[PDB]
Amino acid sequence: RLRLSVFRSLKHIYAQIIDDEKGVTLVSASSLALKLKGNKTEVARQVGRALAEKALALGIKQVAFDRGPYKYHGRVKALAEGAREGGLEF
C-alpha cells in the first residue's frame, strides 16, 4: 500500500514514494534534483518515469496518492504519468 506523495514548491518538482504499511520512505525523485533544471511540467513525466523506474526497483506497483493540499495541476500530471507510465499505479 505504498503511499505516493508529490511535492511542488514553485520551480522544484518532487515525488516521494513511501511505504504506507510502515512509515518508510523508499524512493524519491525530482527533476531539479537529478540535474534537469529546465521546465517543471515538460520533464515532469521524465521525472515520473525515473521515479516510477525507481519505486519500481523496489517493486512498487500501486501507490496511495494522498498529496494532500495539491490540486490536480500540471506538474502532478506529467509527473504522475511518468510515475504511472513507469510502473506505479496510484
# chains A, B, ... in the order shown; residues from 1 in each chain; ligands from 1
$ select_by_dssp --residues "chain A" --states "alpha helix (DSSP H)" --output "VMD selection string"
chain A and resid 31 to 34 44 to 58 74 to 86
$ write_last_selection --atoms "N, CA, C and O atoms" --output "tab-separated table (two decimals), in the first residue's frame"
chain	number	residue	atom	x	y	z
A	31	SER	N	13.02	16.37	-10.72
A	31	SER	CA	13.63	16.88	-11.94
A	31	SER	C	14.82	17.78	-11.63
A	31	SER	O	15.94	17.53	-12.07
A	32	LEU	N	14.57	18.83	-10.85
A	32	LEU	CA	15.62	19.78	-10.46
A	32	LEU	C	16.69	19.10	-9.60
A	32	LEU	O	17.78	19.64	-9.41
A	33	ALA	N	16.37	17.92	-9.09
A	33	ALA	CA	17.29	17.18	-8.24
A	33	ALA	C	18.39	16.50	-9.03
A	33	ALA	O	19.58	16.77	-8.83
A	34	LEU	N	18.00	15.58	-9.91
A	34	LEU	CA	18.96	14.83	-10.71
A	34	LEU	C	19.93	15.74	-11.43
A	34	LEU	O	21.15	15.58	-11.34
A	44	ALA	N	8.52	16.79	-16.06
A	44	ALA	CA	7.70	16.15	-15.03
A	44	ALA	C	7.48	14.67	-15.32
A	44	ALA	O	7.60	13.83	-14.44
A	45	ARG	N	7.19	14.35	-16.57
A	45	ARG	CA	7.00	12.96	-16.96
A	45	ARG	C	8.28	12.20	-16.78
A	45	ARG	O	8.37	11.27	-15.98
A	46	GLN	N	9.29	12.65	-17.50
A	46	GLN	CA	10.61	12.05	-17.40
A	46	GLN	C	10.99	11.93	-15.92
A	46	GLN	O	11.78	11.06	-15.54
A	47	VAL	N	10.40	12.79	-15.08
A	47	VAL	CA	10.67	12.72	-13.66
A	47	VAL	C	9.85	11.61	-13.03
A	47	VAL	O	10.29	10.95	-12.09
A	48	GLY	N	8.65	11.39	-13.57
A	48	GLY	CA	7.80	10.34	-13.06
A	48	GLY	C	8.26	8.99	-13.55
A	48	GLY	O	8.04	7.99	-12.89
A	49	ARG	N	8.90	8.96	-14.72
A	49	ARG	CA	9.40	7.71	-15.28
A	49	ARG	C	10.64	7.27	-14.53
A	49	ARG	O	10.81	6.10	-14.24
A	50	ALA	N	11.48	8.24	-14.16
A	50	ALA	CA	12.66	7.93	-13.39
A	50	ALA	C	12.24	7.53	-11.98
A	50	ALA	O	12.83	6.65	-11.36
A	51	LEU	N	11.18	8.18	-11.50
A	51	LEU	CA	10.62	7.90	-10.19
A	51	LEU	C	9.99	6.53	-10.21
A	51	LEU	O	10.31	5.66	-9.41
A	52	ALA	N	9.10	6.35	-11.16
A	52	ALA	CA	8.42	5.07	-11.34
A	52	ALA	C	9.42	3.99	-11.66
A	52	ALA	O	9.20	2.82	-11.37
A	53	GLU	N	10.55	4.40	-12.22
A	53	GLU	CA	11.60	3.47	-12.54
A	53	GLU	C	12.35	3.15	-11.24
A	53	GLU	O	12.85	2.04	-11.05
A	54	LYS	N	12.36	4.13	-10.34
A	54	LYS	CA	12.97	3.99	-9.04
A	54	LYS	C	12.11	3.10	-8.16
A	54	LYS	O	12.48	1.97	-7.84
A	55	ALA	N	10.95	3.63	-7.81
A	55	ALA	CA	9.98	2.91	-6.98
A	55	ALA	C	9.83	1.48	-7.47
A	55	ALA	O	9.79	0.53	-6.68
A	56	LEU	N	9.77	1.34	-8.78
A	56	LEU	CA	9.65	0.04	-9.40
A	56	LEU	C	10.78	-0.89	-8.96
A	56	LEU	O	10.57	-2.08	-8.73
A	57	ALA	N	11.97	-0.32	-8.84
A	57	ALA	CA	13.14	-1.07	-8.42
A	57	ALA	C	12.88	-1.80	-7.11
A	57	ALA	O	13.50	-2.82	-6.81
A	58	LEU	N	11.93	-1.28	-6.33
A	58	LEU	CA	11.56	-1.89	-5.06
A	58	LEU	C	10.45	-2.90	-5.32
A	58	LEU	O	10.27	-3.87	-4.58
A	74	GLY	N	-0.54	20.86	-13.39
A	74	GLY	CA	0.28	20.33	-14.46
A	74	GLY	C	1.38	19.41	-13.97
A	74	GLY	O	1.48	18.27	-14.41
A	75	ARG	N	2.21	19.91	-13.05
A	75	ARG	CA	3.31	19.12	-12.50
A	75	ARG	C	2.84	17.71	-12.13
A	75	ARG	O	3.17	16.74	-12.80
A	76	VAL	N	2.04	17.62	-11.07
A	76	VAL	CA	1.49	16.36	-10.60
A	76	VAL	C	1.00	15.51	-11.78
A	76	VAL	O	1.06	14.29	-11.73
A	77	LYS	N	0.52	16.18	-12.82
A	77	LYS	CA	0.03	15.49	-14.01
A	77	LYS	C	1.16	14.76	-14.73
A	77	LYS	O	1.34	13.55	-14.59
A	78	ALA	N	1.93	15.53	-15.52
A	78	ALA	CA	3.05	14.99	-16.28
A	78	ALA	C	3.91	14.10	-15.41
A	78	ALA	O	4.43	13.08	-15.86
A	79	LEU	N	4.05	14.47	-14.15
A	79	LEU	CA	4.83	13.70	-13.21
A	79	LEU	C	4.11	12.40	-12.89
A	79	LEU	O	4.74	11.34	-12.78
A	80	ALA	N	2.80	12.49	-12.72
A	80	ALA	CA	2.00	11.33	-12.39
A	80	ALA	C	1.98	10.33	-13.54
A	80	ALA	O	1.99	9.12	-13.30
A	81	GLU	N	1.99	10.81	-14.79
A	81	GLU	CA	2.02	9.88	-15.91
A	81	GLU	C	3.35	9.16	-15.88
A	81	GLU	O	3.40	7.95	-16.00
A	82	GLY	N	4.42	9.91	-15.64
A	82	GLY	CA	5.73	9.31	-15.52
A	82	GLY	C	5.70	8.16	-14.55
A	82	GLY	O	6.06	7.03	-14.86
A	83	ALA	N	5.26	8.50	-13.34
A	83	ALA	CA	5.16	7.56	-12.24
A	83	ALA	C	4.19	6.43	-12.57
A	83	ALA	O	4.38	5.29	-12.14
A	84	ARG	N	3.15	6.74	-13.34
A	84	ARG	CA	2.16	5.74	-13.72
A	84	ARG	C	2.56	5.06	-15.03
A	84	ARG	O	2.20	3.91	-15.28
A	85	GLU	N	3.33	5.76	-15.84
A	85	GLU	CA	3.81	5.24	-17.11
A	85	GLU	C	5.01	4.34	-16.85
A	85	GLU	O	5.23	3.35	-17.54
A	86	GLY	N	5.79	4.72	-15.84
A	86	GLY	CA	6.97	3.96	-15.47
A	86	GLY	C	6.61	2.64	-14.81
A	86	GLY	O	7.16	1.60	-15.18
$ residues_around --residues "segment 66-73 of chain A" --least-positions-apart "6" --cutoff "7 Å" --atoms "only C-alpha atoms" --output "number ranges by chain"
A: 4-6
$ write_last_selection --atoms "N, CA and C atoms" --output "CSV table (one decimal), in the first residue's frame"
chain,number,residue,atom,x,y,z
A,4,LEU,N,2.1,7.3,-2.3
A,4,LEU,CA,2.8,8.3,-3.1
A,4,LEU,C,2.5,9.7,-2.7
A,5,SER,N,3.5,10.6,-2.7
A,5,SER,CA,3.3,12.0,-2.3
A,5,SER,C,4.2,12.9,-3.2
A,6,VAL,N,3.6,13.7,-4.0
A,6,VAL,CA,4.3,14.6,-4.9
A,6,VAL,C,4.3,16.0,-4.4
$ closest_residue --among "A:11, A:3, A:37, A:61" --to "residue 25 of chain A" --atoms "only C-alpha atoms"
A:3
$ select_by_dssp --residues "segment 17-65 of chain A" --states "strand (DSSP E)" --output "number ranges by chain"
A: 17-19, 24-30, 64-65
$ write_last_selection --atoms "C-alpha atoms" --output "mmCIF file, in the first residue's frame"
data_model
loop_
_atom_site.group_PDB
_atom_site.id
_atom_site.type_symbol
_atom_site.label_atom_id
_atom_site.label_comp_id
_atom_site.auth_asym_id
_atom_site.auth_seq_id
_atom_site.Cartn_x
_atom_site.Cartn_y
_atom_site.Cartn_z
ATOM 1 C CA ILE A 17 7.136 7.125 -2.752
ATOM 2 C CA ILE A 18 6.673 5.993 0.838
ATOM 3 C CA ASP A 19 5.601 2.736 2.447
ATOM 4 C CA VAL A 24 9.107 4.096 5.306
ATOM 5 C CA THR A 25 10.336 6.400 2.532
ATOM 6 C CA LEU A 26 11.760 4.187 -0.213
ATOM 7 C CA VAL A 27 12.083 6.213 -3.406
ATOM 8 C CA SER A 28 12.216 9.946 -4.076
ATOM 9 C CA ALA A 29 12.801 11.534 -7.479
ATOM 10 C CA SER A 30 12.956 15.159 -8.611
ATOM 11 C CA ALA A 64 -1.658 5.613 -2.419
ATOM 12 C CA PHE A 65 -1.890 9.139 -3.793
#
$ decode --residues "segment 35-53 of chain A" --atoms "N, CA, C and O atoms" --output "PDB file, in the first residue's frame"
ATOM      1  N   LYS A  35      19.379  16.707 -12.150  1.00  0.00           N
ATOM      2  CA  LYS A  35      20.193  17.660 -12.894  1.00  0.00           C
ATOM      3  C   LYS A  35      19.316  18.615 -13.686  1.00  0.00           C
ATOM      4  O   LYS A  35      19.561  19.821 -13.727  1.00  0.00           O
ATOM      5  N   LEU A  36      18.301  18.052 -14.337  1.00  0.00           N
ATOM      6  CA  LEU A  36      17.386  18.831 -15.159  1.00  0.00           C
ATOM      7  C   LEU A  36      16.820  20.020 -14.393  1.00  0.00           C
ATOM      8  O   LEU A  36      16.099  19.853 -13.412  1.00  0.00           O
ATOM      9  N   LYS A  37      17.153  21.220 -14.855  1.00  0.00           N
ATOM     10  CA  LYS A  37      16.684  22.446 -14.220  1.00  0.00           C
ATOM     11  C   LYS A  37      15.895  23.306 -15.203  1.00  0.00           C
ATOM     12  O   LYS A  37      15.802  24.523 -15.042  1.00  0.00           O
ATOM     13  N   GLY A  38      15.327  22.668 -16.223  1.00  0.00           N
ATOM     14  CA  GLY A  38      14.555  23.394 -17.213  1.00  0.00           C
ATOM     15  C   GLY A  38      13.135  23.660 -16.753  1.00  0.00           C
ATOM     16  O   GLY A  38      12.916  24.366 -15.770  1.00  0.00           O
ATOM     17  N   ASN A  39      12.168  23.092 -17.467  1.00  0.00           N
ATOM     18  CA  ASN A  39      10.763  23.269 -17.125  1.00  0.00           C
ATOM     19  C   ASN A  39      10.376  22.384 -15.945  1.00  0.00           C
ATOM     20  O   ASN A  39      11.196  21.618 -15.437  1.00  0.00           O
ATOM     21  N   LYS A  40       9.124  22.490 -15.516  1.00  0.00           N
ATOM     22  CA  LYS A  40       8.630  21.697 -14.396  1.00  0.00           C
ATOM     23  C   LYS A  40       7.664  20.619 -14.878  1.00  0.00           C
ATOM     24  O   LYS A  40       7.674  19.496 -14.375  1.00  0.00           O
ATOM     25  N   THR A  41       6.834  20.967 -15.855  1.00  0.00           N
ATOM     26  CA  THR A  41       5.864  20.027 -16.403  1.00  0.00           C
ATOM     27  C   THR A  41       6.433  19.304 -17.622  1.00  0.00           C
ATOM     28  O   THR A  41       6.051  18.173 -17.918  1.00  0.00           O
ATOM     29  N   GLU A  42       7.350  19.964 -18.325  1.00  0.00           N
ATOM     30  CA  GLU A  42       7.971  19.381 -19.509  1.00  0.00           C
ATOM     31  C   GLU A  42       8.663  18.066 -19.164  1.00  0.00           C
ATOM     32  O   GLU A  42       8.397  17.034 -19.780  1.00  0.00           O
ATOM     33  N   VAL A  43       9.548  18.109 -18.173  1.00  0.00           N
ATOM     34  CA  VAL A  43      10.270  16.917 -17.745  1.00  0.00           C
ATOM     35  C   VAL A  43       9.469  16.126 -16.719  1.00  0.00           C
ATOM     36  O   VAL A  43       9.716  14.939 -16.523  1.00  0.00           O
ATOM     37  N   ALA A  44       8.524  16.793 -16.055  1.00  0.00           N
ATOM     38  CA  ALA A  44       7.698  16.152 -15.032  1.00  0.00           C
ATOM     39  C   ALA A  44       7.483  14.669 -15.320  1.00  0.00           C
ATOM     40  O   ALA A  44       7.603  13.829 -14.436  1.00  0.00           O
ATOM     41  N   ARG A  45       7.193  14.349 -16.571  1.00  0.00           N
ATOM     42  CA  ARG A  45       6.997  12.960 -16.963  1.00  0.00           C
ATOM     43  C   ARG A  45       8.280  12.203 -16.777  1.00  0.00           C
ATOM     44  O   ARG A  45       8.365  11.270 -15.984  1.00  0.00           O
ATOM     45  N   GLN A  46       9.287  12.647 -17.496  1.00  0.00           N
ATOM     46  CA  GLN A  46      10.609  12.054 -17.396  1.00  0.00           C
ATOM     47  C   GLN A  46      10.993  11.929 -15.924  1.00  0.00           C
ATOM     48  O   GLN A  46      11.781  11.060 -15.544  1.00  0.00           O
ATOM     49  N   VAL A  47      10.401  12.786 -15.083  1.00  0.00           N
ATOM     50  CA  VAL A  47      10.673  12.724 -13.657  1.00  0.00           C
ATOM     51  C   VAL A  47       9.850  11.611 -13.027  1.00  0.00           C
ATOM     52  O   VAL A  47      10.292  10.952 -12.086  1.00  0.00           O
ATOM     53  N   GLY A  48       8.653  11.392 -13.572  1.00  0.00           N
ATOM     54  CA  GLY A  48       7.804  10.343 -13.064  1.00  0.00           C
ATOM     55  C   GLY A  48       8.260   8.988 -13.551  1.00  0.00           C
ATOM     56  O   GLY A  48       8.041   7.987 -12.888  1.00  0.00           O
ATOM     57  N   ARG A  49       8.900   8.958 -14.722  1.00  0.00           N
ATOM     58  CA  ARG A  49       9.396   7.706 -15.284  1.00  0.00           C
ATOM     59  C   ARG A  49      10.636   7.273 -14.527  1.00  0.00           C
ATOM     60  O   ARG A  49      10.808   6.095 -14.238  1.00  0.00           O
ATOM     61  N   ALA A  50      11.475   8.235 -14.164  1.00  0.00           N
ATOM     62  CA  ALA A  50      12.663   7.927 -13.386  1.00  0.00           C
ATOM     63  C   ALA A  50      12.240   7.533 -11.980  1.00  0.00           C
ATOM     64  O   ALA A  50      12.832   6.652 -11.357  1.00  0.00           O
ATOM     65  N   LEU A  51      11.177   8.181 -11.505  1.00  0.00           N
ATOM     66  CA  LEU A  51      10.619   7.902 -10.191  1.00  0.00           C
ATOM     67  C   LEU A  51       9.990   6.529 -10.211  1.00  0.00           C
ATOM     68  O   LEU A  51      10.311   5.660  -9.406  1.00  0.00           O
ATOM     69  N   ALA A  52       9.098   6.346 -11.165  1.00  0.00           N
ATOM     70  CA  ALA A  52       8.418   5.073 -11.339  1.00  0.00           C
ATOM     71  C   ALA A  52       9.423   3.993 -11.658  1.00  0.00           C
ATOM     72  O   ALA A  52       9.201   2.823 -11.365  1.00  0.00           O
ATOM     73  N   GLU A  53      10.546   4.399 -12.221  1.00  0.00           N
ATOM     74  CA  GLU A  53      11.603   3.469 -12.535  1.00  0.00           C
ATOM     75  C   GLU A  53      12.348   3.146 -11.244  1.00  0.00           C
ATOM     76  O   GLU A  53      12.849   2.039 -11.051  1.00  0.00           O
TER      77      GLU A  53
END
